[PDB]
Amino acid sequence: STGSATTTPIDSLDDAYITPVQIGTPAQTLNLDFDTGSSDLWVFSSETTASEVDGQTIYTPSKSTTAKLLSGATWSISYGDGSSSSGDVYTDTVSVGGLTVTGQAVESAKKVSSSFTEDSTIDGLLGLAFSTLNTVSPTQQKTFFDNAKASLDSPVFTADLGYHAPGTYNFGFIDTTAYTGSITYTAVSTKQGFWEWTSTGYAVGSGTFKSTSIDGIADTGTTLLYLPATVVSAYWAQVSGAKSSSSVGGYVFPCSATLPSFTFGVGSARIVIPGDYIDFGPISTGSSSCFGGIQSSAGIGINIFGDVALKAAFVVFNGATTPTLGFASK
Ligand SMILES: NCc1ccc(C(F)(F)F)cc1
């Protein structure tokens with residue numbers, strides 16, 4: 001089997017991407033943030049605290065004839081940005097672009113944090129990291145990809161995120177028309193439950209490529225590109241007037257600047273992020289200082305190849321018995 005669904009930025013800055021997902025019988029369609037950095041499929045629901053719902057579409061399990069309460073199961077998740085949610089668990093039928101899993105664990109939110117309430121466009125998350133990170137207790141549950149894998153034509157899914165435009169998540173096949181050149185595959189460590197890999201280096205604009213190993217995760221659920229402080233300083237030093245702002249919480253730059261590109265290595269291959277992808281717009285409405293799309297990972301503990309990096313590439317999440325990651329230009 002295969003599945004294919006269009007993913008759309010939630011706003012004019014590509015802060016996140018939403019993909020429609022069918023849940024239950026009859027179908028309830030919710031727009032979920034597909035997150036290769038986490039492993040819980042959770043949704044705003046009829047059970048979510050009323051004051052914490054502000055325009056999201058809710059899943060109502062009592063209206064789904066295939067929904068079954070997973071007895072005694074609860075979940076609670078905290079993300080690296082400080083956001084969180086928690087609730088109880090149903091199993092139900094879940095479909096993405098024609099690909100169907102019966103008995104998928106659907107985590108129904110009873111509580112969500114302020115950042116979720118304030119994003120009216122995100123009805124929940126669909127985790128695509130490794131199932132070892134799933135938070136359901138006392139019986140851990142599998143991701144949608146993990147459940148579908150054996151039925152897929154190939155045990156893979158691909159992320160083709162757009163810059164200021166729609167893109168595609170495919171399950172079970174590689175669309176060879178969706179990229180240029182070849183896909184370079186690189187090793188993955190699953191030891192922390194992430195799609196963790198090692199970039200072979202970087203360049204800033206037309207500068208000399210620096211060969212250096214950068215361990216990090218491929219994370220569609222994170223907006224920006226978080227890299228070591230030395231790398232990030234080298235990038236922003238090329239932008240006249242850019243500086244690290246402690247009040248703002250990262251590097252900012254004059255909105256009048258044209259940004260240099262940033263290149264990252266995948267084996268001997270190179271992925272070029274156009275400079276415009278690195279502009280995240282005014283720090284506050286009407287300001288002429290703009291927030292940078294490449295930020296230091298120093299306070300995080302891990303480097304994150306978030307959407308800024310991934311949307312420059314066609315990305316293969318290969319769930320073969322030894323998982324690997326593939327990157328192609330596009
Ligand atoms: N990395 C997962 C994630 C995704 C979205 C959000 C937000 F911004 F919608 F709350 C937070 C955390």
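Just so you know, ligand 1 is whichever comes first in the structure, and atom 1 is the first atom listed for that ligand. All heavy atoms count here, side chains included; hydrogens, waters and symmetry mates do not. Position 1 is the first residue of the sequence, and the numbers go up from there.
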Open item on the list: Please list the nearest protein heavy atom to atom 9 (F) of ligand 1 with its residue and the distance rounded to 0.1 Å.
Closed with: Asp119 OD2, 2.9 Å

TODO: Report yes if the side chains of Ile174 and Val316 come closer than 4.5 Å at any heavy-atom pair, otherwise no.
DONE: yes

- [ ] Among all protein heavy atoms, pick out the one at the shortest distance from atom 5 (C) of ligand 1; state its residue, atom name and that distance to 0.1 Å.
- [x] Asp33 OD2, 3.6 Å

Task: Ligand-residue contact atoms, ligand 1 with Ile122, heavy atoms, under 4.0 Å - done: 9 (F)

Task: Beyond-backbone contact of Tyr90 with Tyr59, side-chain heavy atoms, under 4.5 angstrom - done: yes

- [ ] Give the atoms of ligand 1, by number and element, whose distance to some non-hydrogen atom of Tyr79 is under 4.0 Å.
- [x] 2 (C)

Open item on the list: I need the atoms of ligand 1 closer than 4.0 Å to a non-hydrogen atom of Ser115, numbered in the order shown.
Closed with: 10 (F)

Task: Under-4.0 Å heavy-atom contact with ligand 1, by part of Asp15 that carries it - done: neither

TODO: Measure the distance from atom 1 (N) of ligand 1 to every protein heavy atom, then report the residue, atom name and distance (to 0.1 Å) of the closest one.
DONE: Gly221 O, 2.9 Å

Open item on the list: Rounded to the nearest 0.5 Å, what separates atom CD1 in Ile77 from atom CH2 in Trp42?
Closed with: 9.0 Å

TODO: Check whether the side chains of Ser120 and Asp54 place a donor and an acceptor atom closer than 3.5 Å, and report yes or no.
DONE: no

Task: Protein contact to atom 6 (C) of ligand 1 [nearest heavy atom, distance to 0.1 Å] - done: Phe116 CE2, 3.6 Å

- [ ] Please find out if less than 6.0 Å separates the ring center of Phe145 from that of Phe317.
- [x] no

Open item on the list: With heavy-atom distances below 4.5 Å as the criterion, would you say the side chains of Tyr226 and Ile302 are in contact?
Closed with: no

- [ ] Could you check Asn303, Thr186, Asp215 and say which one makes a side chain to side chain donor-acceptor pair (under 3.5 Å) with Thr198?
- [x] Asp215

Task: ligand 1 contact by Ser83, heavy-atom criterion under 4.0 angstrom - done: yes

